[PDB]
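Here is the structure we will look at, set down as structure tokens.
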There are 4 protein chains.
Amino acid sequence: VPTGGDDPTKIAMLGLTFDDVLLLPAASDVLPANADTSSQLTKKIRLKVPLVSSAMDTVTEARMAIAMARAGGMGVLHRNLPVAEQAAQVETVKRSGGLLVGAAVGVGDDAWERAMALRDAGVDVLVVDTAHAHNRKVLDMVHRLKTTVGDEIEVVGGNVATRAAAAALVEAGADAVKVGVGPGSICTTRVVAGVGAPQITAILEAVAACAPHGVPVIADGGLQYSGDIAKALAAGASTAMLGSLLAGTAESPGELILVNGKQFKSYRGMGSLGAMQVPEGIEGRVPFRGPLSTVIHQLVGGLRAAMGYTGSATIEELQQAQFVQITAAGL
Amino acid sequence: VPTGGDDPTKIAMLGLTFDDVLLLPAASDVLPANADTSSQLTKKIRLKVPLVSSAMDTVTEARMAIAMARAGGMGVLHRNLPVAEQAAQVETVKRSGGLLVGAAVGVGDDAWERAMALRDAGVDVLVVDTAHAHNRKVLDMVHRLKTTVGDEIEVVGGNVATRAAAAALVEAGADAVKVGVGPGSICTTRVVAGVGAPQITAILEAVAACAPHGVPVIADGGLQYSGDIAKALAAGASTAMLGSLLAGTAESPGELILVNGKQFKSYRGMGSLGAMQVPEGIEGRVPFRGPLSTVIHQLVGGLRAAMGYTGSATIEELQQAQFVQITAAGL
Amino acid sequence: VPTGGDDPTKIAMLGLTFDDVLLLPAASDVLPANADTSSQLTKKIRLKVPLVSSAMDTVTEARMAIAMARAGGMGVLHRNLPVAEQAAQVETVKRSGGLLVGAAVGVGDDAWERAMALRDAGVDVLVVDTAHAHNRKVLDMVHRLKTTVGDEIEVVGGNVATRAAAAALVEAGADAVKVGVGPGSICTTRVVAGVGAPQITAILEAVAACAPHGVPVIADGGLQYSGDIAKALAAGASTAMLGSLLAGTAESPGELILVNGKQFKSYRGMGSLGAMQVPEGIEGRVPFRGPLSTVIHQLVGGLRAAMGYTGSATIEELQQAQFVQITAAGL
Amino acid sequence: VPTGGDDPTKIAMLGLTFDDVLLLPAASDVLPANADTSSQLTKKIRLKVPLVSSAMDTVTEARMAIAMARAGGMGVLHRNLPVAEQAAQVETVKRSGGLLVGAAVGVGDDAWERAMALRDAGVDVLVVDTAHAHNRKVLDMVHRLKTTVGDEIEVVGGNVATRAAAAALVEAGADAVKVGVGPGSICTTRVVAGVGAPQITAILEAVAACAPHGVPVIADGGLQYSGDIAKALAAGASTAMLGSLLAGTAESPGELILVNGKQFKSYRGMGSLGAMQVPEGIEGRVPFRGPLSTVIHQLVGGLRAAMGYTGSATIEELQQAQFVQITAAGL
Ligand SMILES: O=C(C1CCCCCC1)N1CCN(S(=O)(=O)c2cccc3cnccc23)CC1
Ligand SMILES: O=C(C1CCCCCC1)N1CCN(S(=O)(=O)c2cccc3cnccc23)CC1
Ligand SMILES: O=C(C1CCCCCC1)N1CCN(S(=O)(=O)c2cccc3cnccc23)CC1
Ligand SMILES: O=C(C1CCCCCC1)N1CCN(S(=O)(=O)c2cccc3cnccc23)CC1
Ligand SMILES: O=c1[nH]cnc2c1ncn2[C@@H]1O[C@H](COP(=O)(O)O)[C@@H](O)[C@H]1O
Ligand SMILES: O=c1[nH]cnc2c1ncn2[C@@H]1O[C@H](COP(=O)(O)O)[C@@H](O)[C@H]1O
Ligand SMILES: O=c1[nH]cnc2c1ncn2[C@@H]1O[C@H](COP(=O)(O)O)[C@@H](O)[C@H]1O
Ligand SMILES: O=c1[nH]cnc2c1ncn2[C@@H]1O[C@H](COP(=O)(O)O)[C@@H](O)[C@H]1O
């Protein structure tokens, strides 16, 4: 084997990230303004804009969830707070009209009680929220939830980075599979644990397991430009989950921070020391971006342009677009 | 598939840009001073120097077009101004002697009226000027123009980045095909839309569709050194269109700008916020370079050297030169 | 041959280093806190933590060796000092309880006398400590030691970077093979001699020769993050030897250095001019890190996380994990 | 074709430079101090140290040539000066004992008269000194010289970067072939003309044409570390020509320059504007390095280390060593 040893499976794949590829233009009759940006968040729930906000305590509380839903997407309420408080945020969102909202749960002992309280509060989507879903306890939580509240609530499972992991969540009954182990902007898992999977390759692999079963893939983490959203969907994802890109907005939790005459907001990993109080995230800053509505408009504008270039009238068509792989020189 | 999924066509190609390749020397009897630099701009029009200036409002108005033609190349007048004004610039160039000149038109409603006014003003080349020519409206404009004014005016279509797109323009009747989706120095399409195609690969693909029909390819965008002009022609292009390399010249529109004791001129994308008033270009600065005549001399000097090294007595011979692909270490 | 010449064996392999790969997650029932981190240092000696400290005079003297053993690993006492002094450090470690300790010897004339003095002092592991073990004098020293004191003392040989070299040490009777020619943080062999072998590939190759004979591989050099320890073990190593990561600790030799308001300690190659008094190492600084116990806890924490992600209940299982190769864009 | 077009020969090779490869250690009985560093400069002339100084006016005049010969290598006197003056420098070197010396000639009209004057002055090696030897005028000069003064003087031809070019010089009668089109530290040919060939690949290709005819290859340009000398010889070169590495020495032409409290010397391309008075070189600075004797000692020390690691008792053995290719991450 050219890279060493005698086992060709030891190095299993060549992993591409977003910066490794570009979308190829294709024959087009599609005007960006007329493209249909709607897409499946789960088997049953279709969003007008294929974007959801991360379940992080510097990204999504009630204010963000409301703004995301109004913009045509959805928020996923973080779970780094008491059950009663998270449930009250669900109620707060549902009081602001017929707005979709999701909420994160874990797989701990209090996870089941948290999920039932969220159901009682009227939540539409429960996100079983882990860093590694390929695990009996996670698969069991997904299955138990689906069998118990599945008629009324859609159950998302994640995160995965391999085909087999995605397959396991599908068999467990997930209504959507969330992809991303290691790609987050504030992630240190790759240097702390040495574990990860570049996100374009991870999406391609997850989609190979989910699409034949009609299960939507959520691309979670590593998106830094509006162009990355188009790439994620073209790789086969149905929606993208965003942390860093939304953390700088007025609707995100937290105050403005002034450093060197410039405005920022804090953005921290849920695995950072601060969030937990062996960290796998950092605490950082992102530039202040203004209102969420305007950020979403710019992000969707980029996606619409990609749909024009690729001749994709719908997200389903964009999922069939082709890539070109680029070199380092294509900085 | 090593990069993910089960579909080998999902990632269609490995895209090389100019920095990825070098020209290999070959047996030579050619002195740089004696090389013939003439090349086809279109099926009928041959230039003494294979260079045209970009149709941008910080690069080509009448003064630039006149200087380019005198230097043996051609200018393409930008269209970010009223029809009457653009037509008056055509007249101004034709009044300065028997000088070749081209002018950009769009595919909007006013595009046809613009084209006829340019024809009346005496224009030699009409450039159907879009970011994505693989589109019924663009192909129809090219065809209508060719059938209507084709005997007197050469019609250029662009831009394309794929073989099929170039083929479609050829069938539509284009007299030259312009290549470049995403490579421009001031371009943000790659980060906004996630769309693009590295330019050496794009030229190779376009040429595979155009050369068998005797249609010249114009390499448009991403050229930053005189050496890139040689590479573009060796990949099979017949001419190169330059923006950044000519924007710093005395003949370009705009004033000198002094920052930190150094001289610059503004250079902005036609898709920048400033030009349009979702932007796909930026507004920037380029160093002031002095007279156009001298810049062209230096650029052509580099091309002549390449022709000496490769034993290319003509541009047609240079189009048959070979490359070596380099690694990152070859910075 | 695509890279030149007619001999496909001239460029023998594509060498990967730690930054070239990530560990893929796999099905897991393993809790990080419950993972078994024990591993073979040699055929007979198993450590609770698979880490040993480098035999360098800015890393391991008696204080470090004691702390490493207490933390569940081991120290290898450097040999840049008189035989009597090194032997006294062995005694000092053994006086602090039933603590494992190793000590470096060379292959010079005084090497044999040094080894016997270390044996008399009660050493558990002798490390035949060279930059290139594939050499008759090194193989002879390993063999002589094994045959003479092998019943009481384990003999480590190194360093190697190729399969054949590792094979030769195995046949010579080594109880463990140490891998690393050129990867050290303070190493200049790669620029001075142009010699080296990227460490993931070197480990894969050494393991292919050692594992079928039941001989553990020690990955030595180039480890800069806790994640690199997981990668080294997953490539097939049984332990990792650390220099830079431990040189900043309270237990390492040397004083604190203050530069620009920040605390550092000196860290220098044993091939640096300072250590020898043609250098193949530099003298540098590393940040002060505090107590060794805490550094080891953080390093092992990272390893435990990797074992959770990969479903590895033991180091033997981690050695069967798979990689994904990443590109430059995966910075 | 994956990179574009339908012609697999368009991109002819993947070109490696020195930074792309490392030498693999191999079984060794060779002590660095005992390695034989002698090598053929030409078919007849063997040097004790396989190094020659560049024919540049900031590197080699009489003082450098004398010092190089005394160190066991050779200097090649530059030709950017009157014939009488260059010839007087030859005389000056021969007056300092039985010291080998070479001198550069061109292929212009005055080239023949220059060569005869150098022969009369007692020169040992004539270097036909061009940037592209694959040319009838260069091949004719080599042949004419060999047939006219070949019994007394060795004739070097260069530069080449391809197998066919090297073959042509061999057939012309060259006693050594010099390799390097574009790799020089002060070279801008790659950005001006877009022409070049990475040096490890260029050496491998030239050697494939020269070695079967017993003609030594001189690796010229791009060497920045002592380790690059080992790599060049291992790729099959017999000697290396150095510019930048020797330009900082006391024996090089020019004065010391003080900038920001540090000592430098000027180093400029023979194709720089300053040397010619379309430039293909720059004028730069290199750090002051002290006496040549000491620089050579350090360079040879590195080579000796490489010979120890690779088990090469002679340069002929080193030419049979193997490489490993490294990635970008192996910075
Ligand atoms: O429960 C774990 C264990 C994972 C399973 C394997 C054993 C290691 C621990 N966590 C807790 C959550 N995360 S995280 O907050 O950083 C995280 C949050 C969501 C998405 C992630 C995607 N990739 C990395 C980290 C992510 C860290 C690790
Ligand atoms: O009309 C469009 C639409 C393109 C078709 C697909 C839908 C998206 C919009 N424009 C308008 C012009 N450009 S541009 O000015 O930036 C532009 C000018 C010329 C050459 C380009 C080459 N590559 C990128 C941008 C370029 C932006 C996009
Ligand atoms: O004895 C030698 C000879 C090596 C054999 C081939 C001939 C060259 C000399 N030494 C002495 C020790 N080292 S070192 O201290 O830098 C060193 C220490 C341990 C691990 C090394 C791993 N890779 C590089 C250097 C290393 C330098 C060279
Ligand atoms: O005579 C030429 C022509 C070359 C043949 C093809 C046509 C172009 C001109 N020169 C003159 C010398 N050089 S140089 O001084 O820069 C030069 C000096 C030696 C080694 C070189 C190696 N690679 C690049 C430049 C080098 C520049 C070009
Ligand atoms: O602490 C952490 N370490 C690693 N990943 C995290 C952490 N916290 C959240 N994440 C994940 O990173 C995603 C956000 O990534 P981003 O959009 O690139 O910032 C989130 O939706 C999580 O999947
Ligand atoms: O705003 C923009 N975004 C992307 N491409 C542009 C824009 N404006 C002009 N272009 C194209 O970029 C070319 C100039 O590229 P440059 O020579 O690299 O600066 C132009 O000829 C256009 O094809
Ligand atoms: O001077 C030197 N040059 C090259 N390698 C060295 C030198 N001194 C020690 N080493 C090796 O580098 C290892 C430490 O590497 P590190 O952990 O990356 O700093 C040591 O255990 C040695 O194998
Ligand atoms: O002006 C120039 N441009 C390109 N190459 C040059 C020039 N002048 C000298 N050279 C070549 O560069 C070699 C020195 O390269 P260096 O050792 O990397 O600095 C010289 O021996 C020449 O072959």
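Atoms within each ligand, like the ligands themselves, are counted from 1 in listed order. Note that these values count all heavy atoms, side chains included, but never hydrogens, waters or copies made by symmetry. In what follows, every chain begins at residue 1, and chains take the letters A, B, ... in the order their sequences are listed.
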Taking the side chain from [X] and the backbone from [Y], do they hold a donor-acceptor pair closer than 3.5 Å?
X: D/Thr130; Y: D/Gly158; value: yes
X: B/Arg304; Y: B/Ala35; value: yes
X: C/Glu317; Y: C/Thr310; value: no
X: A/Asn159; Y: A/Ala131; value: no

Atom indices of ligand 8, in the order listed, that fall short of 4.0 Å to a heavy atom of [X]:
X: D/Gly271; result: 1 (O), 2 (C)
X: D/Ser244; result: 16 (P), 17 (O), 19 (O)
X: D/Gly269; result: 1 (O), 2 (C), 7 (C), 8 (N)
X: D/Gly221; result: 15 (O), 18 (O)
X: D/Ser54; result: 14 (C), 20 (C), 21 (O)
X: D/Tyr267; result: 14 (C), 15 (O), 16 (P), 19 (O)
X: D/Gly184; result: 12 (O), 15 (O), 18 (O)

Please classify the D/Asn159 to ligand 8 contact at 4.0 Å (heavy-atom distances, strictly less than): side chain, backbone, both or neither.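 The side chain, only.
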For D/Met56, which part has a heavy atom under 4.0 Å from ligand 8: side chain, backbone, both, or neither?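 For D/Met56, only side-chain atoms sit under 4.0 Å from ligand 8.
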So, taking the atom named CG in B/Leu22 and the one named CZ in D/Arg190, what distance separates them when rounded to the nearest 0.5 Å?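 If I round to the nearest 0.5 Å, the distance is 5.5 Å.
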Counting each atom of ligand 4 from 1 as listed, which ones have a heavy atom of [X] under 4.0 Å away?
X: D/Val181; result: 23 (N)
X: D/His132; result: 5 (C)
X: D/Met270; result: 15 (O)

Candidate with minimal heavy-atom separation from [atom], of [options]:
atom: atom 18 (C) of ligand 1; options: C/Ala35, A/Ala131, A/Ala197; answer: A/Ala131
atom: atom 15 (O) of ligand 1; options: A/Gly271, A/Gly108, A/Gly182; answer: A/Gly271
atom: atom 2 (C) of ligand 8; options: D/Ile186, D/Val127, D/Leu223, D/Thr189; answer: D/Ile186
atom: atom 24 (C) of ligand 1; options: A/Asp129, A/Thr189, A/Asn159, A/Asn135; answer: A/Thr189

Tell me, please: is C/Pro32 in heavy-atom contact with ligand 1, that is, under 4.0 Å?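 Yes, C/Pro32 has heavy atoms under 4.0 Å from ligand 1.
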Any idea which part of D/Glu280 is under 4.0 Å from ligand 4, heavy-atom wise: side chain, backbone, both or neither?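 Both backbone and side chain of D/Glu280 come within 4.0 Å of ligand 4.
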Is [X] in polar range of ligand 8, meaning some N or O pair under 3.5 Å apart?
X: D/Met270; result: yes
X: D/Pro183; result: no
X: D/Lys178; result: no
X: D/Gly222; result: yes
X: D/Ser185; result: yes

Compute the shortest N/O to N/O distance between A/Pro183 and ligand 1 and return yes if it is under 3.5 Å, no if not.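 The answer is no, given that A/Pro183 and ligand 1 share no N or O pair closer than 3.5 Å.
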For D/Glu280 and D/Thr189, which I'm curious about, is there any donor-acceptor pair between the side chains at under 3.5 Å?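 D/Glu280 vs D/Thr189: donor-acceptor pair found between side chains.
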Decide side-chain contact (heavy atoms from CB on, under 4.5 Å) for A/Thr162 and A/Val181; before the verdict, give the C-alpha distance in whole Å, the side-chain angles of both, and the deciding distance to 0.1 Å. CA-CA 9 Å; A/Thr162 68; A/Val181 179; over 6 Å; no
Is any heavy atom of the protein nearer than 4.0 Å to [atom]?
atom: atom 7 (C) of ligand 1; result: yes
atom: atom 11 (C) of ligand 4; result: no
atom: atom 1 (O) of ligand 4; result: no

Test side-chain contact (heavy atoms from CB on, under 4.5 Å) on D/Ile218 and D/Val127; report intermediate values, then the result. CA-CA 11 Å; D/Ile218 301 162; D/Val127 176; over 6 Å; no
D/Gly180 touching ligand 4 at heavy-atom level, < 4.0 angstrom: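 For ligand 4, residue contact (heavy atoms, under 4.0 Å) with D/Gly180 is present.
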